[PDB]
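Visitor: Residue numbers (the authors' numbering), protein chains in the order written: chain 1I, 1 to 147; chain 11, 2 to 98. Where is the CB? At the ideal position from N, CA and C, for every residue including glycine. Dumping the structure here so I can ask a few things about it.
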Amino acid sequence: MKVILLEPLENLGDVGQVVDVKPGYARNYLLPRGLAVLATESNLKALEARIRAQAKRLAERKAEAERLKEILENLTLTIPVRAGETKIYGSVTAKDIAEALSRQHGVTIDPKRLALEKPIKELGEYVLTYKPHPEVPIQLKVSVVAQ
Amino acid sequence: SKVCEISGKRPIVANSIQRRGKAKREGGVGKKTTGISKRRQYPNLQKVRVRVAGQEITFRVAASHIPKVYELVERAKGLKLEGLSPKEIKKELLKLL
RNA sequence: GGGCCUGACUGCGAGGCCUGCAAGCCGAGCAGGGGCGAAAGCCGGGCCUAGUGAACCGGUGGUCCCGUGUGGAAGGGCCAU
RNA sequence: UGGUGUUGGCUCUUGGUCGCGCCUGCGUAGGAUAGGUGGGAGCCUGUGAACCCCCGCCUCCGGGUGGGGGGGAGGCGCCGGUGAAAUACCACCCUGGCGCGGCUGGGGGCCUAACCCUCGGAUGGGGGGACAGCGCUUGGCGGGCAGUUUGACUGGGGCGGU
RNA sequence: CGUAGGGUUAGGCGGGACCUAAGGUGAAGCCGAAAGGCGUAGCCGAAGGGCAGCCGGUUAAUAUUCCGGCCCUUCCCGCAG
RNA sequence: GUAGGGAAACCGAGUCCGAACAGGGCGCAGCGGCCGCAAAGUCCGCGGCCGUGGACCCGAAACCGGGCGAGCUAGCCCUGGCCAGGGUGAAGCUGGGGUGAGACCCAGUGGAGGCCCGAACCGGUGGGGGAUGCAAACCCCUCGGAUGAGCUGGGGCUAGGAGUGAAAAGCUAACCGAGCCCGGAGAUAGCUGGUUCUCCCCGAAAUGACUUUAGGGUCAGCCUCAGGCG
RNA sequence: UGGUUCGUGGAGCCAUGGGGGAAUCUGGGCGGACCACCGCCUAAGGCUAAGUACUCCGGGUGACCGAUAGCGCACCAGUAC
RNA sequence: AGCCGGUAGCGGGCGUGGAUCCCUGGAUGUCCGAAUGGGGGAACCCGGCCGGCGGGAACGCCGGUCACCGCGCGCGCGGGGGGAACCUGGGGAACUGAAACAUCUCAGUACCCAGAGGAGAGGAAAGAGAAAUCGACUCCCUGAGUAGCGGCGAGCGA
Ligand SMILES: [Mg+2]
Ligand SMILES: [Mg+2]
Ligand SMILES: [Mg+2]
Ligand SMILES: [Mg+2]
Ligand SMILES: [Mg+2]
Ligand SMILES: [Mg+2]
Ligand SMILES: [Mg+2]
Ligand SMILES: [Mg+2]
Ligand SMILES: [Mg+2]
Ligand SMILES: [Mg+2]
Ligand SMILES: [Mg+2]
Ligand SMILES: [Mg+2]
Ligand SMILES: [Mg+2]
Ligand SMILES: [Mg+2]
Ligand SMILES: [Mg+2]
Ligand SMILES: [Mg+2]
Ligand SMILES: [Mg+2]
Ligand SMILES: [Mg+2]
Ligand SMILES: [Mg+2]
Ligand SMILES: [Mg+2]
Ligand SMILES: [Mg+2]
Ligand SMILES: [Mg+2]
Ligand SMILES: [Mg+2]
Ligand SMILES: [Mg+2]
Ligand SMILES: [Mg+2]
Ligand SMILES: [Mg+2]
Ligand SMILES: [Mg+2]
Ligand SMILES: [Mg+2]
Ligand SMILES: [Mg+2]
Ligand SMILES: [Mg+2]
Ligand SMILES: [Mg+2]
Ligand SMILES: [Mg+2]
Ligand SMILES: [Mg+2]
Ligand SMILES: [Mg+2]
Ligand SMILES: [Mg+2]
Ligand SMILES: [Mg+2]
Ligand SMILES: [Mg+2]
Ligand SMILES: [Mg+2]
Ligand SMILES: [Mg+2]
Ligand SMILES: [Mg+2]
Ligand SMILES: [Mg+2]
Ligand SMILES: [Mg+2]
Ligand SMILES: [Mg+2]
Ligand SMILES: [Mg+2]
Ligand SMILES: [Mg+2]
Ligand SMILES: [Mg+2]
Ligand SMILES: [Mg+2]
Ligand SMILES: [Mg+2]
Ligand SMILES: [Mg+2]
Ligand SMILES: [Mg+2]
Ligand SMILES: [Mg+2]
Ligand SMILES: [Mg+2]
Ligand SMILES: [Mg+2]
Ligand SMILES: [Mg+2]
Ligand SMILES: [Mg+2]
Ligand SMILES: [Mg+2]
Ligand SMILES: [Mg+2]
Ligand SMILES: [Mg+2]
Ligand SMILES: [Mg+2]
Ligand SMILES: [Mg+2]
Ligand SMILES: [Mg+2]
Ligand SMILES: [Mg+2]
Ligand SMILES: [Mg+2]
Ligand SMILES: [Mg+2]
Ligand SMILES: [Mg+2]
Ligand SMILES: [Mg+2]
Ligand SMILES: [Mg+2]
Ligand SMILES: [Mg+2]
Ligand SMILES: [Mg+2]
Ligand SMILES: [Mg+2]
Ligand SMILES: [Mg+2]
Ligand SMILES: [Mg+2]
Ligand SMILES: [Mg+2]
Ligand SMILES: [Mg+2]
Ligand SMILES: [Mg+2]
Ligand SMILES: [Mg+2]
Ligand SMILES: [Mg+2]
Ligand SMILES: [Mg+2]
Ligand SMILES: [Mg+2]
Ligand SMILES: [Mg+2]
Ligand SMILES: [Mg+2]
Ligand SMILES: [Mg+2]
Ligand SMILES: [Mg+2]
Ligand SMILES: [Mg+2]
Ligand SMILES: [Mg+2]
Ligand SMILES: [Mg+2]
Ligand SMILES: [Mg+2]
Ligand SMILES: [Mg+2]
Ligand SMILES: [Mg+2]
Ligand SMILES: [Mg+2]
Ligand SMILES: [Mg+2]
Ligand SMILES: [Mg+2]
Ligand SMILES: [Mg+2]
Ligand SMILES: [Mg+2]
Ligand SMILES: [Mg+2]
Ligand SMILES: [Mg+2]
Ligand SMILES: [Mg+2]
Ligand SMILES: [Mg+2]
Ligand SMILES: [Mg+2]
Ligand SMILES: [Mg+2]
Ligand SMILES: [Mg+2]
Ligand SMILES: [Mg+2]
Ligand SMILES: [Mg+2]
Ligand SMILES: [Mg+2]
Ligand SMILES: [Mg+2]
Ligand SMILES: [Mg+2]
Ligand SMILES: [Mg+2]
Ligand SMILES: [Mg+2]
Ligand SMILES: [Mg+2]
Ligand SMILES: [Mg+2]
Ligand SMILES: [Mg+2]
Ligand SMILES: [Mg+2]
Ligand SMILES: [Mg+2]
Ligand SMILES: [Mg+2]
Ligand SMILES: [Mg+2]
Ligand SMILES: [Mg+2]
Ligand SMILES: [Mg+2]
Ligand SMILES: [Mg+2]
Ligand SMILES: [Mg+2]
Ligand SMILES: [Mg+2]
Ligand SMILES: [Mg+2]
Ligand SMILES: [Mg+2]
Ligand SMILES: [Mg+2]
Ligand SMILES: [Mg+2]
Ligand SMILES: [Mg+2]
Ligand SMILES: [Mg+2]
Ligand SMILES: [Mg+2]
Ligand SMILES: [Mg+2]
Ligand SMILES: [Mg+2]
Ligand SMILES: [Mg+2]
Ligand SMILES: [Mg+2]
Ligand SMILES: [Mg+2]
Ligand SMILES: [Mg+2]
Ligand SMILES: [Mg+2]
Ligand SMILES: [Mg+2]
Ligand SMILES: [Mg+2]
Ligand SMILES: [Mg+2]
Ligand SMILES: [Mg+2]
Ligand SMILES: [Mg+2]
Ligand SMILES: [Mg+2]
Ligand SMILES: [Mg+2]
Ligand SMILES: [Mg+2]
Ligand SMILES: [Mg+2]
Ligand SMILES: [Mg+2]
Ligand SMILES: [Mg+2]
Ligand SMILES: [Mg+2]
Ligand SMILES: [Mg+2]
Ligand SMILES: [Mg+2]
Ligand SMILES: [Mg+2]
Ligand SMILES: [Mg+2]
Ligand SMILES: [Mg+2]
Ligand SMILES: [Mg+2]
Ligand SMILES: [Mg+2]
Ligand SMILES: [Mg+2]
Ligand SMILES: [Mg+2]
Ligand SMILES: [Mg+2]
Ligand SMILES: [Mg+2]
Ligand SMILES: [Mg+2]
Ligand SMILES: [Mg+2]
Ligand SMILES: [Mg+2]
Ligand SMILES: [Mg+2]
Ligand SMILES: [Mg+2]
Ligand SMILES: [Mg+2]
Ligand SMILES: [Mg+2]
Ligand SMILES: [Mg+2]
Ligand SMILES: [Mg+2]
Ligand SMILES: [Mg+2]
Ligand SMILES: [Mg+2]
Ligand SMILES: [Mg+2]
Ligand SMILES: [Mg+2]
Ligand SMILES: [Mg+2]
Ligand SMILES: [Mg+2]
Ligand SMILES: [Mg+2]
Ligand SMILES: [Mg+2]
Ligand SMILES: [Mg+2]
Ligand SMILES: [Mg+2]
Ligand SMILES: [Mg+2]
Ligand SMILES: [Mg+2]
Ligand SMILES: [Mg+2]
Ligand SMILES: [Mg+2]
Ligand SMILES: [Mg+2]
Ligand SMILES: [Mg+2]
Ligand SMILES: [Mg+2]
Ligand SMILES: [Mg+2]
Ligand SMILES: [Mg+2]
Ligand SMILES: [Mg+2]
Ligand SMILES: [Mg+2]
Ligand SMILES: [Mg+2]
Ligand SMILES: [Mg+2]
Ligand SMILES: [Mg+2]
Ligand SMILES: [Mg+2]
Ligand SMILES: [Mg+2]
Ligand SMILES: [Mg+2]
Ligand SMILES: [Mg+2]
Ligand SMILES: [Mg+2]
Ligand SMILES: [Mg+2]
Ligand SMILES: [Mg+2]
Ligand SMILES: [Mg+2]
Ligand SMILES: [Mg+2]
Ligand SMILES: [Mg+2]
Ligand SMILES: [Mg+2]
Ligand SMILES: [Mg+2]
Ligand SMILES: [Mg+2]
Ligand SMILES: [Mg+2]
Ligand SMILES: [Mg+2]
Ligand SMILES: [Mg+2]
Ligand SMILES: [Mg+2]
Ligand SMILES: [Mg+2]
Ligand SMILES: [Mg+2]
């Protein structure tokens, strides 16, 4: 008997996968514990539609990122800060870079998404990765300058 | 011993024929019937219990139509069934046949 | 008692015996292919009268007759047992 | 009472079976232990040769194969010996056997959730448990019951005889 | 016996408007080709339980039933505690 | 009906067996004067006999289906009732005795029991009577039980291959080795019985063969009718 | 297993109690085991007048009865008993 | 043009202003019965709710209403029971015949049951079966006692 798993299951298969079990097992265990469903046509359709729908929203995100690589990776973020010689008085935070990025350049971003461990404390040219999606990592070149 | 709630399979009457002798096809003189008497052949009835709409419904059904009960459960998802009695649920289910 | 042999034939069969039926019995003669005999001829088991069992069902060998739209096949008929 | 449905999970042990890894084969003769039939005139080596010793494993008592260490640039071939067939190297496939696996057949253990019992309580607990019950089918035992049969002749009938 | 006419009077006797027994029936539920068979509750079911009337008089014919005397039961309403 | 023969293919006044042009089986072939006449055959009527039906009528014991019965009787269940009077005198208990204590013995008290005698009541032993009865089981005399496995009222349950049975194949509504009613049904009866006006002609058989046959049948023999022969 | 003429037969067809178990016309069932060929037909949903059967009922008609007949009943009979 | 049933009599009435009588429709229609408020030993008994009557609260009577199951959203609709044969479906004998008897016959008959209806069933090819064919079903004649089936018996029979 073919069923569709509703969960990962010890040496049987993975969720959404279609396996063949003895009808007793399906009827008297798997189905009553909500662990699986009959591989009927009427719910094979549905599984197909779920795989369909997930894959729509995955590649749709992997575009919303990729297209956001286009808006960044083609600019430099220039941040004027009060500083002497090369060391800054205050600092440039991620929360700053994000607030900077909207004001000029237009793009709105999430500070927390940006890969900045400790607030930048020296003037110069920085190359900072964004990660708005795993597998789609972005290069934000940021020039921190004086005045 | 009785009637399939799904297929309508019911006990039927059959003869039990007793024979002695060697078939012609095997070079024997032929089969002789030493007895014919009536008997019944029953459906292979079994119980099938299922939760549908938070209630426990049970069917007495021929083994051949055991899958037909579960298919009925599937078709039942499209129904306002909650709060009915199990007699009433079973009726809605059967009505789907 | 001995020699050669397989007629302990195949296809038939005039005419009879017996007889409720069904059976049983005797059988010259013609044809085919033979045996013995120089030939006449004899040989279709045994000097004779008992040693047997109808039909049905089935087996085996043959025949190549039927073969369920057609060609086959299954299965049967027929001759022998 | 066998098979099969209702009838499921895990495990161990055996048996069949394919799918691999494999190792494996000892007549006269021929160096040596020659399974077949091709492809074959070359293959191997810092992906360290000739050979020195310790472990497994089969062992026709001669070895074979598998590991470890030095040594670390050598070894077998085609030819020729040679036998029905002859050598390195690559395959397609056998004898037997081994370990993973599929798939199974038989046994053993365990599980629970079908099914059965049970619990003032119940979409639950407890117990039995894929047995038992029940369907289809197999063969058997079966005057408990059923339908019947159980001859004729005959100095009556039986017995005897026929 | 035929024809006709009369005659059987109850809150308290008996049974019902009370209870349950065996059994019967039977929501729930179970089973069986059909008919139907079962089935805790409930219901029915008495000569068992429960419940208030004794004595006398009267008619041709009834009387614990009518009458007379002395007693009593439940139900409804009210008043009082 | 007009063609038969052959298991058949198939051939056809032939065909089958067969090598046969052999032999054989089974088949094939009107009267008168073109006219009439008769005829194959076939249709209808009538009659005899045959087959199938219940098949000439009446008769079983039985078998099967579906119902009706436990107001009789049998067992059980629920609930009530009954059992005069008399007798015997268990255990226990009390007291006396006994002993180390006891067992135990005696007395009194007590009132046991499928105990005794005997009515009601329940039976039915032996005899007599009855015998078209008073009675389809009674009567008289006698006799068994009579606190029990007792008897009995009411209310219930179990039935036909079934019940019930202290068991007799007993009883289940006056006949139970399988109840009764209706139905299958006009079961079947190779047996018994019965079979109805008249006259005229003829006129048997009781044997043989075979027969789960023997008092029943088939064939033959023997009777009779019609046609033909002579 | 039943149905059919078909009783296991060479046994198909239709139906179906058990087990197994498809496909959507390039699908399927059938023409008497089976195979090929050649054909026929479209299973697993339902309905459908009429022509057919019967006679409680009404009428018509008898080479049907005539009170032991004809219905069990001509009548107060499914009665008395 | 008579009439008040068979049915006369007593004792009273009716009808040409059309009686009796016949036909159609309506009204009334105790109780029991499927019987259905509940019970029950049919034709009796006992209730709930609304309304009415009596002096009426107890008590009683009168009218209405109250069973169960199915289907459809408490309410609607329907069911239930009967009918001589006929009909379909679910079950289904035996005597008997086979001159014994078991397969076979009787017979899918008798009979039980369910259901229908004035009929019922069947019916518009996954047919037939050899015709290059036909064209739903039913029913009659014939095909035919054929083909076949059959302890290849008795018989059965498209
Ligand atoms: Mg059988
Ligand atoms: Mg055979
Ligand atoms: Mg053969
Ligand atoms: Mg046979
Ligand atoms: Mg189950
Ligand atoms: Mg099946
Ligand atoms: Mg299955
Ligand atoms: Mg010679
Ligand atoms: Mg002769
Ligand atoms: Mg003769
Ligand atoms: Mg010669
Ligand atoms: Mg010669
Ligand atoms: Mg010579
Ligand atoms: Mg001669
Ligand atoms: Mg001699
Ligand atoms: Mg001799
Ligand atoms: Mg002879
Ligand atoms: Mg015979
Ligand atoms: Mg014979
Ligand atoms: Mg033969
Ligand atoms: Mg053919
Ligand atoms: Mg031929
Ligand atoms: Mg064919
Ligand atoms: Mg060919
Ligand atoms: Mg041919
Ligand atoms: Mg061939
Ligand atoms: Mg042949
Ligand atoms: Mg042959
Ligand atoms: Mg012969
Ligand atoms: Mg078995
Ligand atoms: Mg099993
Ligand atoms: Mg365990
Ligand atoms: Mg457990
Ligand atoms: Mg459990
Ligand atoms: Mg255990
Ligand atoms: Mg089991
Ligand atoms: Mg079961
Ligand atoms: Mg089997
Ligand atoms: Mg058996
Ligand atoms: Mg016997
Ligand atoms: Mg025996
Ligand atoms: Mg007996
Ligand atoms: Mg008999
Ligand atoms: Mg015998
Ligand atoms: Mg005998
Ligand atoms: Mg005798
Ligand atoms: Mg004698
Ligand atoms: Mg004699
Ligand atoms: Mg004599
Ligand atoms: Mg004598
Ligand atoms: Mg004598
Ligand atoms: Mg003898
Ligand atoms: Mg008087
Ligand atoms: Mg008074
Ligand atoms: Mg009252
Ligand atoms: Mg009462
Ligand atoms: Mg009560
Ligand atoms: Mg009952
Ligand atoms: Mg009860
Ligand atoms: Mg009450
Ligand atoms: Mg009382
Ligand atoms: Mg009382
Ligand atoms: Mg009272
Ligand atoms: Mg009283
Ligand atoms: Mg008083
Ligand atoms: Mg008096
Ligand atoms: Mg009086
Ligand atoms: Mg008074
Ligand atoms: Mg007050
Ligand atoms: Mg000739
Ligand atoms: Mg003429
Ligand atoms: Mg004529
Ligand atoms: Mg005759
Ligand atoms: Mg007849
Ligand atoms: Mg007759
Ligand atoms: Mg006759
Ligand atoms: Mg008779
Ligand atoms: Mg009798
Ligand atoms: Mg008998
Ligand atoms: Mg009997
Ligand atoms: Mg009977
Ligand atoms: Mg009976
Ligand atoms: Mg009694
Ligand atoms: Mg009695
Ligand atoms: Mg009592
Ligand atoms: Mg007494
Ligand atoms: Mg006494
Ligand atoms: Mg006394
Ligand atoms: Mg005492
Ligand atoms: Mg003392
Ligand atoms: Mg004393
Ligand atoms: Mg005393
Ligand atoms: Mg005493
Ligand atoms: Mg006594
Ligand atoms: Mg006594
Ligand atoms: Mg006395
Ligand atoms: Mg007294
Ligand atoms: Mg008495
Ligand atoms: Mg007695
Ligand atoms: Mg006496
Ligand atoms: Mg005496
Ligand atoms: Mg006497
Ligand atoms: Mg006497
Ligand atoms: Mg006497
Ligand atoms: Mg007498
Ligand atoms: Mg006396
Ligand atoms: Mg006495
Ligand atoms: Mg006495
Ligand atoms: Mg005495
Ligand atoms: Mg006594
Ligand atoms: Mg006494
Ligand atoms: Mg006494
Ligand atoms: Mg006594
Ligand atoms: Mg007692
Ligand atoms: Mg008593
Ligand atoms: Mg009593
Ligand atoms: Mg009584
Ligand atoms: Mg009694
Ligand atoms: Mg009893
Ligand atoms: Mg009874
Ligand atoms: Mg009865
Ligand atoms: Mg009986
Ligand atoms: Mg008995
Ligand atoms: Mg007794
Ligand atoms: Mg009687
Ligand atoms: Mg009797
Ligand atoms: Mg009696
Ligand atoms: Mg008697
Ligand atoms: Mg009997
Ligand atoms: Mg009997
Ligand atoms: Mg009847
Ligand atoms: Mg009959
Ligand atoms: Mg008859
Ligand atoms: Mg007889
Ligand atoms: Mg007799
Ligand atoms: Mg006569
Ligand atoms: Mg004379
Ligand atoms: Mg004789
Ligand atoms: Mg004979
Ligand atoms: Mg004989
Ligand atoms: Mg004989
Ligand atoms: Mg006889
Ligand atoms: Mg004769
Ligand atoms: Mg003569
Ligand atoms: Mg004659
Ligand atoms: Mg003459
Ligand atoms: Mg089949
Ligand atoms: Mg059949
Ligand atoms: Mg045959
Ligand atoms: Mg067939
Ligand atoms: Mg099936
Ligand atoms: Mg096709
Ligand atoms: Mg296809
Ligand atoms: Mg088909
Ligand atoms: Mg087929
Ligand atoms: Mg076919
Ligand atoms: Mg066809
Ligand atoms: Mg067709
Ligand atoms: Mg229809
Ligand atoms: Mg029309
Ligand atoms: Mg019609
Ligand atoms: Mg008519
Ligand atoms: Mg009429
Ligand atoms: Mg007349
Ligand atoms: Mg008369
Ligand atoms: Mg009469
Ligand atoms: Mg007269
Ligand atoms: Mg009449
Ligand atoms: Mg009469
Ligand atoms: Mg009369
Ligand atoms: Mg009368
Ligand atoms: Mg009058
Ligand atoms: Mg007057
Ligand atoms: Mg007058
Ligand atoms: Mg007028
Ligand atoms: Mg009217
Ligand atoms: Mg009134
Ligand atoms: Mg009424
Ligand atoms: Mg009522
Ligand atoms: Mg009622
Ligand atoms: Mg009322
Ligand atoms: Mg009121
Ligand atoms: Mg007043
Ligand atoms: Mg009032
Ligand atoms: Mg009222
Ligand atoms: Mg009905
Ligand atoms: Mg009706
Ligand atoms: Mg039928
Ligand atoms: Mg039915
Ligand atoms: Mg049937
Ligand atoms: Mg029966
Ligand atoms: Mg019979
Ligand atoms: Mg008969
Ligand atoms: Mg006969
Ligand atoms: Mg017979
Ligand atoms: Mg006979
Ligand atoms: Mg006999
Ligand atoms: Mg018989
Ligand atoms: Mg007959
Ligand atoms: Mg039949
Ligand atoms: Mg029938
Ligand atoms: Mg009839
Ligand atoms: Mg009806
Ligand atoms: Mg009509
Ligand atoms: Mg119609
Ligand atoms: Mg219709
Ligand atoms: Mg159509
Ligand atoms: Mg013809
Ligand atoms: Mg028949």
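In chain 1I, which residues lie with their C-beta within 8 Å of the C-beta of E75 (chain 11)?
Guide: As a first step, residue 75 (chain 11) is located in the second sequence; it is residue number 74 there, counting from the start. Ordered by position in chain 1I, the residues that pass the 8 Å Cβ test against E75 (chain 11) are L38, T40, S42, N43.
Visitor: Whole angstroms is fine: what's the gap from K141 (chain 1I)'s alpha carbon to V127 (chain 1I)'s?
Guide: Numbered from its first residue, the first sequence carries residue 141 (chain 1I) at position 141. Numbered from its first residue, the first sequence carries residue 127 (chain 1I) at position 127. Rounded to whole angstroms, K141 (chain 1I) to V127 (chain 1I) spans 4 Å at the Cα level.
Visitor: Please compile the residues from chain 1I whose C-beta is within a distance smaller than 7 Å of the C-beta of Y71 (chain 11).
Guide: Here residue 71 (chain 11) is taken as the residue at index 70 of the second sequence, counted from 1. Simply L38.
Visitor: Give the single residue among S65 (chain 11), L73 (chain 11), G29 (chain 11), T59 (chain 11) whose Cα lies nearest to the Cα of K88 (chain 11).
Guide: Against the second sequence, residue 88 (chain 11) aligns to sequence position 87. Here the closest residue by C-alpha is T59 (chain 11).
Visitor: Kindly list the residues whose CB is nearer than 6 Å to the CB of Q42 (chain 11), restricted to its own chain and excluding five residues on each side of it in sequence; keep chain order.
Guide: Position 41 of the second sequence holds residue 42 (chain 11). If we look at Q42 (chain 11) and ignore the five residues flanking it on each side, its Cβ neighbours are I13, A15.
Visitor: For the alpha helix (DSSP H) containing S102 (chain 1I), list its first residue and its last residue.
Guide: As a first step, residue 102 (chain 1I) is located in the first sequence; it is residue number 102 there, counting from the start. Looking at the DSSP string, the run of the alpha helix (DSSP H) that includes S102 (chain 1I) is 94–103.
Visitor: Among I90 (chain 11), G36 (chain 11), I7 (chain 11), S8 (chain 11), which has the Cα closest to the Cα of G55 (chain 11)?
Guide: Here residue 55 (chain 11) refers to the residue found at position 54 of the second sequence. The residue with the shortest Cα to Cα distance from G55 (chain 11) is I90 (chain 11).
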